[PDB]
Student: 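One structure, as structure tokens, below. Some questions next.
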Amino acid sequence: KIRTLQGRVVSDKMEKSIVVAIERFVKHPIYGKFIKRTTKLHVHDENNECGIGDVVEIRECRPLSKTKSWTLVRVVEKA
Amino acid sequence: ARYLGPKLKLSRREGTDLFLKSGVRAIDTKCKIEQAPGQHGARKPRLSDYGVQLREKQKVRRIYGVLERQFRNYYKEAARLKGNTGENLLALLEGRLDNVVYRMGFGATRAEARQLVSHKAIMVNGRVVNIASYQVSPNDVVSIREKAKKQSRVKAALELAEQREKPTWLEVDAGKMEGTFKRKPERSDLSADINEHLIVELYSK
Amino acid sequence: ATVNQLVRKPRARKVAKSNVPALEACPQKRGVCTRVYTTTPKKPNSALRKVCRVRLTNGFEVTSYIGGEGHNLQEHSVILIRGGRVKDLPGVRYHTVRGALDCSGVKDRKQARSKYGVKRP
Amino acid sequence: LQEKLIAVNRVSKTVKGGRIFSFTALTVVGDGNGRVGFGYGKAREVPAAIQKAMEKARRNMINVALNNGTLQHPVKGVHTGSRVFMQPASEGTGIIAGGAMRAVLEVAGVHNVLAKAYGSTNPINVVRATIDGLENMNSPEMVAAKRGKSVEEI
Amino acid sequence: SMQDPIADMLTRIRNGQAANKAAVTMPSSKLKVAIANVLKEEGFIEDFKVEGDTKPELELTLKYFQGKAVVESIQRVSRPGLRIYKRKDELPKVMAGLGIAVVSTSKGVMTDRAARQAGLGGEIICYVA
RNA sequence: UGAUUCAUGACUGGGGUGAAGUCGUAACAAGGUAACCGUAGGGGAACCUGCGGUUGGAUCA
RNA sequence: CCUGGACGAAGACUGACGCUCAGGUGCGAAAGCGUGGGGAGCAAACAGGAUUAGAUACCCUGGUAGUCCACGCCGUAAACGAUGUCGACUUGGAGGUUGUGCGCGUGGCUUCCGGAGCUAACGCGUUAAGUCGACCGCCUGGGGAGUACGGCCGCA
RNA sequence: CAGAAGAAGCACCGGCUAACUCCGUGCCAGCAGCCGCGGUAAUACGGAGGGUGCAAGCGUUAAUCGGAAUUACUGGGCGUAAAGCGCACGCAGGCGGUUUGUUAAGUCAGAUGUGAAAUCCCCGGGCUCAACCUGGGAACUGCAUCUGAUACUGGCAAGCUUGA
RNA sequence: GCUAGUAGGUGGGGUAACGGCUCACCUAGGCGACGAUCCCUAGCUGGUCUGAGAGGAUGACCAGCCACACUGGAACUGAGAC
RNA sequence: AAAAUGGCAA
Ligand SMILES: [K+]
Ligand SMILES: [K+]
Ligand SMILES: [K+]
Ligand SMILES: [K+]
Ligand SMILES: [K+]
Ligand SMILES: [K+]
Ligand SMILES: [K+]
Ligand SMILES: [K+]
Ligand SMILES: [K+]
Ligand SMILES: [K+]
Ligand SMILES: [K+]
Ligand SMILES: [K+]
Ligand SMILES: [K+]
Ligand SMILES: [K+]
Ligand SMILES: [Mg+2]
Ligand SMILES: [Mg+2]
Ligand SMILES: [Mg+2]
Ligand SMILES: [Mg+2]
Ligand SMILES: [Mg+2]
Ligand SMILES: [Mg+2]
Ligand SMILES: [Mg+2]
Ligand SMILES: [Mg+2]
Ligand SMILES: [Mg+2]
Ligand SMILES: [Mg+2]
Ligand SMILES: [Mg+2]
Ligand SMILES: [Mg+2]
Ligand SMILES: [Mg+2]
Ligand SMILES: [Mg+2]
Ligand SMILES: [Mg+2]
Ligand SMILES: [Mg+2]
Ligand SMILES: [Mg+2]
Ligand SMILES: [Mg+2]
Ligand SMILES: [Mg+2]
Ligand SMILES: [Mg+2]
Ligand SMILES: [Mg+2]
Ligand SMILES: [Mg+2]
Ligand SMILES: [Mg+2]
Ligand SMILES: [Mg+2]
Ligand SMILES: [Mg+2]
Ligand SMILES: [Mg+2]
Ligand SMILES: [Mg+2]
Ligand SMILES: [Mg+2]
Ligand SMILES: [Mg+2]
């Protein structure tokens, strides 16, 4: 397959670009409680399809800008 | 790197014979074994738990003539080795070439055995070994050098060894003046007077 | 404390400040005696304790105790100091190393000679 | 029975005339086979205090289910401010324990154990915590009986 | 509010044993019944029964060997505030194996010994001794 | 032209330590006006007084 | 007159819609502050009289702010049960108060005592400081100091 | 080959802490990690005799961790010892009754790739022994991917009535 | 609280190569209490010391990686260097 | 009614 991440769109203001929040559940190294951690990625959206609150699948790609190395695969869920 | 002081004082402090003399004569005749050394030796002070542990460790050291650094290393090895640490420790001390030479009867005392080993009068498996701390493996053959066979001390020591109880784990042939270390001595083979648990506890202090 | 509270704010260790700051984590420091004098100890002790004010190579100025019986230290004497406070002398956090640099060993010492810089008779 | 003097303390009460000093003695006695008791005695003179403690200790002995000179399982004991942990150890390990715990364990016939005392290390309370830990230790046979199982099943 | 029904069940057993109650009853759940089965299988409780349909109630019959409760200790391990999961190699041993650890594995709720036999890890529900 | 950090500065604030100094005696007993809390005013000083609050107040024959 | 909450009975209804809560926001005794009123009694300050070695006090005679009202500010108290909120569980006894069913029950709240257990002890003890779970706040030797400095807030 | 010849010191001895007396000194001189010791019978100062511990070292100082469960994840507390915000509402956050299905994120199992060598550990080999050198293994608790498991937790869907 | 090549877009240029790498134009974004920005300190790791462990402390020697070469700056040559 | 004060030592 191809490695993909699923996250919620948090910003769609940029032209052809979106900010996507990826949530990871990680065990705390000392305390051992499972904690939610967030990673935000700038993603390329060619058609400006995605909207804030949408759930999307993204894949890693070549650098497209200073902060963008990920592209939209599909919109899993609309807001 | 060796204790060169009076031997009987050590036995007097321990309160037991450490076999630091040949045993041709009784220790009582040679010294007041019961009394501790020095001016205040007659007084018997109460000994603390630390004191009891210290005295046991010092006794074992004084018997085999091992200084603290080497004895500590033996303890560390015994703890690392699988099985009973205290039993392992006694086995290591027994495995010393010095001790083996004395137990085979080539030396009257462990100190005499030490000089024999040091002065290159002893061979292990047909090779000369002059290291007192050398560890003898099972099935090793310890023999006096042909040059040293003529020495009067060795013959006298063999006679004294006959008087002493014979180690089961050692097979020795007189005249040939060779011996074989058949096996590592069991705890049962060694004296029950020694309390190795005190030493192990002391090193965990 | 709950795990959630510790996640937000982990357990914090103590500062653990040095009692011998003038040494700056060195075993000894060299200094010049600005003043050599006697000071009375705090109660319940009575004595005339020998001390020196010392300007160290690092520029700190401290008081150092002069141990043993008798000394040859004067102003402008170059001494070596080590850590070691004097309980009954407030503000004295260091000892002068006897038998180092200008400081002489204690005279007629037969026991603990190495602590007073005295060569074997 | 092996008897050990754990501690002797001088205590005082004040009277009109002045202070009245007396001595206390904490002792433990054991058979070296899982029977151990502690005694606390008080008297104006030290020997009298020790004798009273020894007499009490002999009548206060309890039974511990030792396994080959070691504990059956890790145990926790608590009395007043004293909290103790004890764990089985291999043969040749020795008694790795603090002083007050050491006396109890030795007379009880525990030859190998790993222990740690937490909280107050007051000897009187430590002895009680230790003995409390040992008394609540469970043998495999007793667990099997309570659970209505065989030891092999357990 | 009630946020750990399993801890509630364990506490009801603990308190009931302390109060020398012959039996303890509680609102039933599938997980609670699964745990009860392990307790009965290991001989910590005499029996269990479920009664009612709309609001089922689980009843556990406690046991005392010699007028002493068989369950000397029972403690929640994994809890909502801090979940505990262990690989098969790291499965806990209670009272040097004299006690049991109840473990939820993909093959169901079982003792640590059973899980170790099946070579399965899981969530450590509770220690029982 | 700002910010920050360090050093230094007539004088000044409070803090600590040190003589068996000087003035009182505020607290601990009902401590001789129960103490204390917040606040306000006053007074060489400890403190005093008002307002509300607390018991971590003694007494009861 | 306008208005908040609690509790009980017997049904109907919704269908986990819950618990906790950093930051935030609101409320918050007394004293105090601002503006405008009011002012009997009481009473910081103040004055005089006593007491005393002194008496800037206690006691006496007076007495202003203040205590009162409207509105705004302040945001603190031994603001205490010196005990965070929510839920479950675990022997009893005597009371108070407030519902309700048929003398006997069954709910809400509350006082005292006490069992196990707990606690350093004192004590707590189904209204837990017992046995557990969820979440938050907080502690880490005594002084220096809840002070300095900086920030924020405040008319002070 | 010749000859015991050429080869022992340092700290400590009031308690903690193994090891005690005499003389000198007399809150002095001094000691001291802590508690403390010293004002005329000092096992605490200084010397000596004796002893204890170490030993080609021994002490002292500096420095790290330990002991310290004394920042407590393992593993602590908060009525009176330090500690419950004066009270409450509430967003973020944490956590959440019960049933079925579904998913398989967490979780669990296996496999694959990687996790340099050295080091550490185990079993061996080589220097007279040891230190040291060295063969093979184990370990590197991790990360990623793939294939499975589905109890628990999470997601999604439909419920249920006991919480509200 | 921070940020105007700032964040994204389009096109041109540039590089061994993707890319605000650069530039023109367009849009107004981007980052931050999961701590941005600022201040202070610091080469990183394999490891090392300590510890029963979990931790804590540390990064000398040996090996891997990075950075620097009187100080500040710059390019040239070259497969590779600033 | 009034009714203050008393070095640190061991
Ligand atoms: K003194
Ligand atoms: K200035
Ligand atoms: K007063
Ligand atoms: K007041
Ligand atoms: K919330
Ligand atoms: K008035
Ligand atoms: K709270
Ligand atoms: K904890
Ligand atoms: K599931
Ligand atoms: K740029
Ligand atoms: K571009
Ligand atoms: K590290
Ligand atoms: K440079
Ligand atoms: K070239
Ligand atoms: Mg050596
Ligand atoms: Mg008074
Ligand atoms: Mg008064
Ligand atoms: Mg009072
Ligand atoms: Mg007044
Ligand atoms: Mg008011
Ligand atoms: Mg007003
Ligand atoms: Mg009036
Ligand atoms: Mg008046
Ligand atoms: Mg307050
Ligand atoms: Mg009130
Ligand atoms: Mg409070
Ligand atoms: Mg609330
Ligand atoms: Mg009560
Ligand atoms: Mg302030
Ligand atoms: Mg001693
Ligand atoms: Mg004298
Ligand atoms: Mg140190
Ligand atoms: Mg720690
Ligand atoms: Mg504590
Ligand atoms: Mg108090
Ligand atoms: Mg308090
Ligand atoms: Mg409160
Ligand atoms: Mg998965
Ligand atoms: Mg490697
Ligand atoms: Mg589910
Ligand atoms: Mg640097
Ligand atoms: Mg530890
Ligand atoms: Mg070129």
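Here is how names work: the chains are called A, B, and so on, in the same order as the sequence lines, proteins then strands, and each is numbered from 1. Computed over heavy atoms, backbone and side chain alike; hydrogens, waters and symmetry mates excluded.
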Student: Quick check on RNA chain H: between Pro27(C) and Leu81(B), whose nearest nucleotide comes earlier from the 5' end?
Tutor: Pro27(C)

Student: Is it true that a side-chain atom of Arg127(B) and a backbone atom of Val129(B) form a donor plus acceptor pair closer than 3.5 Å?
Tutor: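 No, because the side chain of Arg127(B) does not come within donor-acceptor range (under 3.5 Å) of the backbone of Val129(B).
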
Student: Verify whether the stacking test passes for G13(I) and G14(I), with limits of 5.5 Å on the ring-centre separation and 30° on the angle between planes.
Tutor: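 Stacking between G14(I) and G13(I) is present - centres under 5.5 Å, planes under 30°.
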
Student: Go ahead and write out RNA chain J as dot-bracket, 5' to 3': ( ) for pairs within the strand, [ ] for ones crossing earlier pairs, | when the partner sits on another strand, dots for unpaired; Watson-Crick or G-U wobble, both distances under 3.5 Å.
Tutor: ..........

Student: What string of B, S and - do you get for nucleotides 151-164 of chain H, 5' to 3', if B is base contact, S is sugar-phosphate-only contact and - is no contact with any protein heavy atom under 4.0 Å?
Tutor: BBS-------SB--

Student: So do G51(H) and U52(H) actually stack on each other, going by six-membered ring centres closer than 5.5 Å and planes off by less than 30°?
Tutor: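 In short, yes, the neighbouring bases stack by the stated criterion.
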
Student: Just by the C1'-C2'-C3'-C4' torsion, is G35(I) north or south?
Tutor: south

Student: Between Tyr118(D) and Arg83(D), is there a cation-pi geometry (under 6.0 Å to ring centre, at most 45° from the normal)?
Tutor: no

Student: What are the residues of residues 63-70 of chain A, sorted by number, that bring a heavy atom to within less than 4.0 Å of RNA chain H?
Tutor: none

Student: Counting only Watson-Crick or G-U wobble pairs whose two distances fall under 3.5 Å, which nucleotide matches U85(G)?
Tutor: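 By the stated definition (distances under 3.5 Å), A134(G) pairs with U85(G).
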
Student: Cation-pi between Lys76(D) and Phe85(D): NZ/CZ under 6.0 Å from ring centre and within 45° of the ring axis?
Tutor: no

Student: With hydrogens left out and only the distance checked, is there a donor-acceptor pair under 3.5 Å joining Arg109(C)'s side chain and the base of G47(H)?
Tutor: no

Student: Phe34(A) side chain: which of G106(H), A29(H), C122(H) is closest?
Tutor: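 Selected nucleotide: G106(H).
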
Student: Pick north or south for the sugar of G107(G); the rule is positive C1'-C2'-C3'-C4' for north, negative for south.
Tutor: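 North, since the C1'-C2'-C3'-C4' torsion of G107(G) has a positive sign.
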
Student: Indicate for each nucleotide in nucleotides 125-139 of chain H, in 5' to 3' sequence, whether protein heavy atoms under 4.0 Å reach the base (B), only the sugar-phosphate (S), or nothing (-).
Tutor: ---BB----------

Student: Does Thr111(E) use its side chain to pair, donor to acceptor, with the backbone of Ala114(E) at less than 3.5 Å?
Tutor: yes

Student: Taking the side chain of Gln75(E) as heavy atoms from C-beta outward, which of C37(H), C132(G), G8(I) is closest to it?
Tutor: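 Closest nucleotide among those given: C132(G).
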
Student: Using modelled atom types only, decide if a donor and an acceptor are shared between the side chain of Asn130(B) and the backbone of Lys120(B) within a distance under 3.5 Å.
Tutor: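 No; zero donor-acceptor contacts below 3.5 Å.
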
Student: With both distances kept under 3.5 Å, what pairs with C27(G), Watson-Crick or G-U wobble?
Tutor: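 Per the H-bond distance test, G86(H).
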
Student: Can you give me the closest heavy-atom contact between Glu60(A) and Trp70(A), atom names plus distance?
Tutor: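 That would be N-CE3, 3.3 Å.
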
Student: Look at the side chain of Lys110(C) and decide which nucleotide, out of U21(H), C26(I), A48(H), has an atom nearest to it.
Tutor: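 In terms of side-chain proximity for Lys110(C), the closest of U21(H), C26(I), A48(H) is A48(H).
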
Student: In whole Å, what separates the P atom of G24(F) from that of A47(G)?
Tutor: 24 Å

Student: Does the sign of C1'-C2'-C3'-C4' make the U52(H) sugar north or south?
Tutor: north

Student: Is there a Watson-Crick or G-U wobble partner for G92(G) with both distances under 3.5 Å, and which nucleotide is it?
Tutor: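 Pairing partner, where one exists within any strand: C113(G).
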
Student: Do we see a donor-acceptor contact under 3.5 Å between the side chains of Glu123(E) and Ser78(E)?
Tutor: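 Yes, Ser78(E) and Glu123(E) have a side-chain donor paired with an acceptor closer than 3.5 Å.
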
Student: Would you measure the distance from the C1' atom in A156(G) across to the matching atom in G34(G) and give it in whole Å?
Tutor: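 My reading of the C1' atoms in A156(G) and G34(G) gives 10 Å.
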
Student: Which base sits across from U74(H) as a Watson-Crick or G-U pair, both distances under 3.5 Å?
Tutor: none

Student: Do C12(H) and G97(H) make a Watson-Crick or G-U wobble pair, both distances under 3.5 Å?
Tutor: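 Check failed, no canonical or wobble pair found.
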
Student: Does the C1'-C2'-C3'-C4' torsion put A105(H) in the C3'-endo-side north group or the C2'-endo-side south group?
Tutor: north

Student: Could you state the atom-to-atom distance from NZ of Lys115(C) to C1' of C10(H) in whole Å?
Tutor: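 Rounding to the nearest Å, NZ of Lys115(C) and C1' of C10(H) are 11 Å apart.
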
Student: Taking atom P of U107(H) as reference, at what distance in whole Å does atom CG of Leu82(E) sit?
Tutor: 14 Å

Student: With rounding to whole Å, what would you report as the distance between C95(H) and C156(H) at their P atoms?
Tutor: 15 Å

Student: Salt bridge or not between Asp4(E) and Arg79(E)? Use side-chain N to carboxylate O under 4.0 Å.
Tutor: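 No, this pair does not count.
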
Student: Could you check which nucleotide pairs with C31(I) in any of the strands shown, counting Watson-Crick or G-U wobble with both distances under 3.5 Å?
Tutor: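 By the stated definition (distances under 3.5 Å), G1(I) pairs with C31(I).
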
Student: Is a donor-acceptor pair below 3.5 Å formed from side chain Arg11(C) to base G76(H), judging by atom type as modelled?
Tutor: yes

Student: Can you tell me the base-pairing partner of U10(I)? Count Watson-Crick or G-U wobble geometry only, both distances below 3.5 Å, and say none if there is no partner.
Tutor: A24(I)

Student: State whether the distance check finds a donor on one side and an acceptor on the other, under 3.5 Å, for side chain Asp12(A) versus base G29(I).
Tutor: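 Flag unset: no donor-acceptor pair detected.
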
Student: Distance-only, no hydrogens or angles: does the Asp112(E) side chain make a donor-acceptor pair with backbone N or O of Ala101(E) under 3.5 Å?
Tutor: yes

Student: In the strands shown, is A120(G) matched to any nucleotide by a Watson-Crick or G-U wobble pair with both distances under 3.5 Å, and which?
Tutor: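 Partner of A120(G): none found under 3.5 Å.
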
Student: Ring centres under 6.0 Å, that's the criterion: do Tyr85(E) and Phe34(A) meet it?
Tutor: yes

Student: Would you call the rings of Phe71(B) and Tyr203(B) parallel, tilted or perpendicular, where under 30° means parallel and over 60° means perpendicular?
Tutor: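 Rings of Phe71(B) and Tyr203(B): tilted, as their planes differ by 30° to 60°.
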
Student: Can you find an N or O donor on one side and an acceptor on the other, under 3.5 Å apart, linking the side chain of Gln39(B) with the base of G51(H)?
Tutor: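 Result: no qualifying N/O pair found.
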
Student: Categorise the sugar of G126(H) by the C1'-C2'-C3'-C4' dihedral sign as either north or south.
Tutor: north

Student: Both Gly119(E) and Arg69(B) contact RNA chain H. Which one's nearest nucleotide lies toward the 5' end?
Tutor: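 That would be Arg69(B).
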
Student: Do the six-membered rings of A69(I) and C70(I) lie with centres under 5.5 Å apart and planes under 30° from parallel?
Tutor: no

Student: In this structure, how many angstroms lie between the P atom of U74(H) and the NZ atom of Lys76(D), rounded?
Tutor: 10 Å

Student: Shorter than 3.5 Å, N or O on both sides, protein versus nucleotides 58-60 of chain I: list them out with atom names.
Tutor:
none

Student: Could you let me know what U49(F) is paired to, Watson-Crick or G-U wobble, both distances under 3.5 Å, or none if it's on its own?
Tutor: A40(F)

Student: Where is the tightest heavy-atom contact between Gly83(C) and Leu23(C), given as atom of each residue plus distance?
Tutor: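 Answer, listing the atom of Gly83(C) first, then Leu23(C): N-CD1, 3.5 Å.
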
Student: Distance between the P atoms of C6(F) and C80(G), in whole angstroms?
Tutor: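 Here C6(F) and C80(G) have their P atoms 42 Å from each other.
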
Student: Listing time: all N or O pairs from protein to nucleotides 46-54 of chain I that are below 3.5 Å?
Tutor:
none

Student: For the side chain of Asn15(E) and the base of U90(G), is some donor closer than 3.5 Å to an acceptor across the two?
Tutor: no

Student: If you check the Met14(A) side chain, which of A69(H), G29(I), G133(G) turns out closest?
Tutor: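 Nearest nucleotide to the side chain: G29(I).
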
Student: Taking the same atom, P, in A43(G) and in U49(F), what whole-Å distance lies between them?
Tutor: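 After rounding to an integer number of Å, I get 14 Å for this pair.
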
Student: Do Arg8(A) and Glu23(A) sit within salt-bridge range, that is, some charged N less than 4.0 Å from a carboxylate O?
Tutor: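 Between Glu23(A) and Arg8(A) there is no salt bridge, as every charged N stays at least 4.0 Å from the carboxylate O atoms.
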
Student: Please state whether the rings of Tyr31(A) and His28(A) are parallel, tilted or perpendicular, taking 30° and 60° as the class boundaries.
Tutor: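 Parallel: the ring planes of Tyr31(A) and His28(A) meet at under 30°.
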
Student: Taking only the P atom of each, what is the distance from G53(I) to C38(I) in whole angstrom?
Tutor: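 After rounding to an integer number of Å, I get 43 Å for this pair.
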
Student: What about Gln3(E): does its side chain form a donor-acceptor pair under 3.5 Å with the base of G96(H)?
Tutor: no

Student: For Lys57(B), is there an ion pair with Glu68(B) - N to carboxylate O distance below 4.0 angstrom?
Tutor: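 Between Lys57(B) and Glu68(B) there is a salt bridge, with a charged N closer than 4.0 Å to a carboxylate O.
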
Student: Using the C1' atoms only, state how far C7(G) lies from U97(G), rounded to an integer number of Å.
Tutor: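 Looking at atom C1' only, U97(G) and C7(G) are 13 Å apart.
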
